[PDB]
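**Q** So the sequences go chain by chain: P and U.
So the first sequence is residues 1 to 344, counted in the numbering used here.
So the second sequence is residues 1 to 339, counted in the numbering used here.
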Amino acid sequence: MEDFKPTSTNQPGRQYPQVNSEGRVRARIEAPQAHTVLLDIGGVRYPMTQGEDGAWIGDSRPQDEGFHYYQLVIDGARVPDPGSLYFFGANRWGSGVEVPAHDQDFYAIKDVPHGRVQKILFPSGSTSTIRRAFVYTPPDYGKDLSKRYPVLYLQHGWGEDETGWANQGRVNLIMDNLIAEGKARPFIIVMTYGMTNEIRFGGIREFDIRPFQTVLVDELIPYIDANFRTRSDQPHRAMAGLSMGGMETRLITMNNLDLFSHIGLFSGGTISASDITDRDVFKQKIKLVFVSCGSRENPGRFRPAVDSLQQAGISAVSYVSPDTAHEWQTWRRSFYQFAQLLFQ
Amino acid sequence: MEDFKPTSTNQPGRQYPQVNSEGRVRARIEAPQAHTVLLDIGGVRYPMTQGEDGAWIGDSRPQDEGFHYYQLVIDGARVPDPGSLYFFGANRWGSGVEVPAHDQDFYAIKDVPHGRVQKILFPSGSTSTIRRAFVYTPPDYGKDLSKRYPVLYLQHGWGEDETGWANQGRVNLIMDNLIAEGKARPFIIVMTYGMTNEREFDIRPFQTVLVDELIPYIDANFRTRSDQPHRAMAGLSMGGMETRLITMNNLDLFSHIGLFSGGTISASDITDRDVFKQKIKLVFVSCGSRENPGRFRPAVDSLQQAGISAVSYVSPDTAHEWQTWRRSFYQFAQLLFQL
C-alpha cells in the first residue's frame with residue numbers, strides 16, 4: 001500500500017528512506033550517471049529504478065519489525081545510504097533503518113524522567129590502552145546522592161562495539177520507560193567493547209576469553225565501583241550479552257560466581273545443569289539464568305536447558321521474541337524482559 | 001612523498017583513507033562497474049583512477065593540519081567514504097578525515113585523569129520536545145560533592161549539531177589535558193543544538209531554549225555555580241553569531257563571551273559601556289589566519305581603547321575548519337573563570 005513515510009532513522013531533513021505500513025523500505029538516491037543501483041537489506045538486493053525525477057528509487061519486501069542494518073550498491077560500490085543515520089554493526093559504520101513495531105512504545109522517547117548515558121575513558125594496564133565505555137545512570141542518580149545502585153554489564157555481538165546498546169539498542173529509553181512504570185528497579189548499565197572483532201587463529205579453543213575477562217574483571221569493574229555510586233557486592237552485579245557477547249557472558253559469569261548473580265544470554269547460548277562444574281555454589285549464588293532468541297532462530301534448545309536448571313533448583317527463564325531473527329529487535333525485547341527480573 | 005599511512009579517523013581495520021607527511025589525503029574504494037569516481041575534499045573534486053587491482057584510488061593536494069569533512073562521488077552519487085568514521089557537519093552525517101598536526105598533542109588521548117561526556121535529554125516546553133545535550137564534566141567532578149563548577153555553553157556552526165564539539169572538536173580531551181597541566185580551571189561544558197539548520201535569523205527560539213530551559217535544567221541537575229561570574233558562552237561561525245546576540249541581550253547571565261570565526265563586537269555596538277565593563281570579564285574573538293584576520297582588528301581595538309577586556313587569537317595556517325576552533329577553544333579555556 002502507498003502509505004510510505006520518512007523513517008525515524010533518517011538524517012535531519014531527509015525524506016528518504018521511507019517505510020510503509022507493511023514494513024517495506026523504500027530507498028532513494030541521486031546518481032545521475034549510474035547504471036545499476038540496488039538496496040541491500042534483510043539479506044536481499046532489491047533493484048532500484050530511475051523515476052521521472054531521475055533519482056533511483058526502489059522498494060524492499062516487508063521487513064521484520066525493528067532495526068535493520070542496510071546499504072546501497074551503486075555500480076558495484078557498497079556504500080551507506082547518505083539519507084540515514086549511521087550505526088556500528090555488521091563490522092562497519094553504516095546505515096540502519098527503523099521499521100515500526102506493534103510494541104515500539106517500550107523504546108519510545110516519552111516525557112518521563114530520563115537517565116544519562118555517560119562516556120568514560122578508563123586505563124587498561126593489561127592492554128596498554130585507554131578504553132571507552134558508556135555508562136547509563138538512572139533518572140534520579142544525581143538527585144539521590146546517598147543512594148547506590150546495582151550494576152549490569154551489558155555486551156554487544158560480533159561486528160558491533162560499545163555504542164550498540166545505547167544507540168540501536170535504545171537501552172537508556174527502555175530503562176527510562178520501565179523505571180517510570182515501576183516495572184524495573186533503577187540500576188546502572190556499563191557497556192564496553194568486548195574485543196570480539198579482531199580475527200585470531202587459536203587452536204586450543206575457538207575464542208580466548210581471557211583478554212576480555214581481564215579487562216572486565218580486573219579493570220572495568222574496579223573502575224566503575226570506584227567512580228560511580230554502586231552496590232559492589234555479588235547480589236547486585238549482573239552480566240548479559242547478545243550473540244558472541246552472550247558467549248562471553250556465559251564463560252565469564254560461570255567462571256566468576258563470586259562476582260555475578262544474574263546471567264542473561266540473548267541469542268548467545270544456554271546453560272544446562274550438566275554444564276555446571278559445581279551446582280551447589282551455583283544454586284546458592286545465581287539468582288537468575290535468562291536465555292532468549294528470536295522465533296526464527298533455534299528456541300527449541302530452551303526447554304531442555306531450562307528444565308535441567310529448574311530440576312537442579314536454579315532459577316531459569318526463557319523468552320522468545322516473535323517474528324524476529326538475529327537482529328536488534330530480538331535483543332531490545334530480550335533486555336526489556338530481562339531488566340524486569342533483575343535485583344528484585 | 002610516498003609515506004601515506006592510515007588516518008586516525010578510519011573505521012576499525014580499514015587501511016584507507018591514508019594521509020602522507022605533506023597532508024595529502026588518499027582515498028580508495030572498490031566499485032567494479034563504475035566509470036567516474038572522485039574524492040571531494042577542500043572544495044575540490046579529485047579524480048580517482050582504477051589501479052591494477054581494480055580499485056579506484058586517488059590523492060588530494062596537501063590539506064591544512066587538522067580535521068576535514070569530505071565525501072566520494074561515484075558516477076554522480078555523493079556518498080560517505082565506507083572506510084572512514086562519520087561526523088555531523090556540512091548539514092549531513094558523513095566522512096571526515098584527520099590530518100596530523102604539529103600541535104596535535106593538546107587534543108591527544110593522554111595518560112591523565114579524564115572527564116566524562118554525558119548525554120542528557122531535557123524537556124522543552126517552548127518546542128514541546130525532549131531535546132539532546134552533551135555535558136562535559138571535569139575529571140574529579142564526582143570526588144567532592146560539596147564543590148560546584150562554572151559552566152560554559154558551547155555552540156557549533158551551521159550544518160553541525162550538539163555532537164560536533166565533543167567529537168570532531170575533541171573538547172573533552174582538550175579540557176582533560178589543560179586541567180592536567182594546570183592551564184585551565186575545571187569547568188562544565190554544555191553543548192546542545194543551536195537550531196541553525198532548519199534571511200534575518202530569528203534568535204528567539206534558541207535563546208528561549210537556552211535561557212529559559214537548558215540553563216535552569218543544568219543548574220538544577222548538575223553541581224554548578226549558577227551566578228553570572230561563573231557562566232560563559234562561546235560559539236563558532238553561526239554559533240558565534242548566536243553567542244553574540246544572546247550574550248549581549250543577557251549581560252546579567254553571561255560574563256565571558258567567545259566568538260570563533262563568528263563575528264565581532266565593537267565598542268559602538270555596546271549600548272552602555274560602563275556596565276558592560278562591570279559585567280563582562282572577557283570578550284574573546286578568533287579566526288584562522290587564512291580567513292580575514294585583519295577584519296577583526298578594528299573591532300577588538302575599539303573595545304580595548306574603551307577599557308573592555310577584549311582578546312584576539314589567530315590560528316596559524318587554518319581556515320573555516322575545526323582546527324581553527326579547537327585551537328580557539330584551547331586558548332579561550334585558559335582565560336575562563338580566573339581567580
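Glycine residues also receive a C-beta, built at the ideal position from the N, C-alpha and C atoms.
Would you mind telling me which residues of chain P sit closer than 7 Å to residue 78/U, beta carbon to beta carbon, in chain order?
**A** Within 7 Å Cβ-Cβ: 82.
**Q** Just to make sure I have the definition right: I need the residues of chain U whose C-beta is within less than 9 Å of the C-beta of residue 114/P. Which are they?
**A** In chain order: 120, 121, 122, 123, 130.
**Q** Determine the DSSP secondary structure at residue 158/U, reduced to helix, strand or coil.
**A** Of the three classes helix, strand and coil, the one that applies to residue 158/U here is coil, per DSSP.
**Q** Against residue 97/U, what residues of chain P qualify as contacts under a CB-to-CB distance less than 9 Å, listed in chain order?
**A** Simply none; closest approach about 14 Å.
**Q** Would you please state the rounded distance, in angstroms, between the beta carbons of residue 96/U and residue 70/U? I believe it to be under 8 Å.
**A** Correct: roughly 7 Å between the Cβ atoms.
**Q** Do you know how far the Cα of residue 234/P is from the Cα of residue 162/P?
**A** Looking at the two C-alpha atoms, the distance is approximately 24 Å.
**Q** Going along chain U in order, which residues have a C-beta closer than 7 Å to the C-beta of residue 86/P?
**A** The answer, in chain order, is 86, 93.
**Q** For the pair the stretch 171-188 of chain P and the stretch 250-259 of chain P, tell me if three or more CB-CB distances fall below 8 Å.
**A** No, because fewer than three Cβ pairs between the stretch 171-188 of chain P and the stretch 250-259 of chain P fall closer than 8 Å, the two stretches do not touch.
**Q** Would you report the Cα separation of residue 302/U and residue 265/U, rounded to the nearest angstrom?
**A** Spanning the two alpha carbons is a distance of roughly 9 Å.
**Q** Within the continuous beta strand (DSSP E) that includes residue 72/U, where are the two ends?
**A** Residues 66-74.
**Q** Taking 8 Å as the CB-CB limit, is residue 320/P close to chain U?
**A** Judged by the 8 Å Cβ criterion, residue 320/P is not in contact with chain U.
**Q** Run the proximity test for residue 307/U: is its beta-carbon closer than 7 Å to any non-hydrogen atom belonging to the ligand GDP?
**A** No copy of the ligand GDP occurs in the structure displayed, which carries no ligand at all.
**Q** Please list the terminal residues of the continuous alpha helix (DSSP H) segment that includes residue 113/P.
**A** Looking at the DSSP string, residue 113/P is not in any alpha helix (DSSP H), and its letter there is neither H nor E.
**Q** Express the C-alpha separation of residue 271/U and residue 165/P in angstroms, rounding to a whole number.
**A** Near 51 Å, if we compare the C-alpha coordinates of residue 271/U and residue 165/P.
**Q** Find out if the Cβ-Cβ distance for the pair residue 93/U, residue 11/P is shorter than 8 Å.
**A** Contact: yes.
**Q** Excluding sequence positions up to five away, which residues of its chain have a Cβ less than 8 Å from the Cβ of residue 35/P?
**A** 75, listed in sequence order.
**Q** For residue 10/U and residue 20/U, I'd like the C-alpha separation in whole angstroms.
**A** Their backbone Cα atoms lie some 14 Å apart in a straight line.
**Q** Thinking C-alpha only, which one of 17/U, 299/U, 286/U is nearest residue 316/U?
**A** If we check each option's Cα against that of residue 316/U, 286/U comes out closest.
**Q** Restricting to Cα atoms, I'd like to know which of 232/U, 252/U, 187/U is closest to residue 222/U.
**A** When only C-alpha atoms are compared, the closest one is 187/U.
**Q** Taking 8 Å as the CB-CB cut-off, is residue 259/U touching chain P?
**A** No, residue 259/U does not count as interfacial toward chain P.
**Q** Would you grab the beta carbon distance between residue 228/P and residue 188/P for me? Rounded to a whole angstrom, and I think it's under 8 Å.
**A** The pair is a contact, with the Cβ atoms about 6 Å apart (cut-off 8 Å).
**Q** Which residue's Cα is closest to the Cα of residue 242/U: 224/U, 228/U, 263/U?
**A** Selected option, being the one with the closest Cα: 263/U.
**Q** Check for me: the alpha helix (DSSP H) holding residue 245/P runs from which residue to which?
**A** Element bounds for residue 245/P: 244-255.
**Q** Answer yes or no: do residue 333/U and residue 236/U have a C-beta to C-beta separation smaller than 8 Å?
**A** In this structure, residue 236/U does not lie closer than 8 Å to residue 333/U by Cβ.
**Q** Using the rule of at least 16 other Cβ atoms within 10 Å of the residue's Cβ for burial, across every protein chain shown, is residue 206/P buried or exposed?
**A** Counting Cβ neighbours within 10 Å, residue 206/P comes out exposed, since fewer than 16 surround it.
**Q** Given this structure, state the Cα-to-Cα distance separating residue 127/P from residue 251/P, to the nearest angstrom.
**A** So the two alpha carbons sit approximately 20 Å from each other.
**Q** Looking at the C-beta of residue 82/U, does it have a partner C-beta in chain P at a distance below 8 Å?
**A** Yes, contact with chain P.
**Q** Please report the Cβ distance between residue 138/U and residue 175/U, rounded to the nearest whole angstrom; I am assuming they are in contact, meaning their Cβ atoms lie under 8 Å.
**A** About 7 Å separates the two Cβ atoms, so the contact holds.
**Q** For residue 396/P versus residue 332/P, is the C-beta distance shorter than 8 Å?
**A** With chain P covering only 1 through 344, there is no way to say anything about residue 396/P.
**Q** Does any CB atom of chain P fall closer than 8 Å to the CB of residue 29/U?
**A** Residue 29/U counts as touching chain P.
**Q** The stretch 133-163 of chain U: which residues have C-beta closer than 7 Å to a C-beta of chain P, in chain order?
**A** Result list: 142, 145.
**Q** At 4 residues or longer, and completely inside the stretch 204-237 of chain P: list those alpha helix (DSSP H) runs for me, N to C.
**A** For the stretch 204-237 of chain P, whole alpha helix (DSSP H) runs of length 4 or above, ordered along the chain, are 210-214, 221-227.
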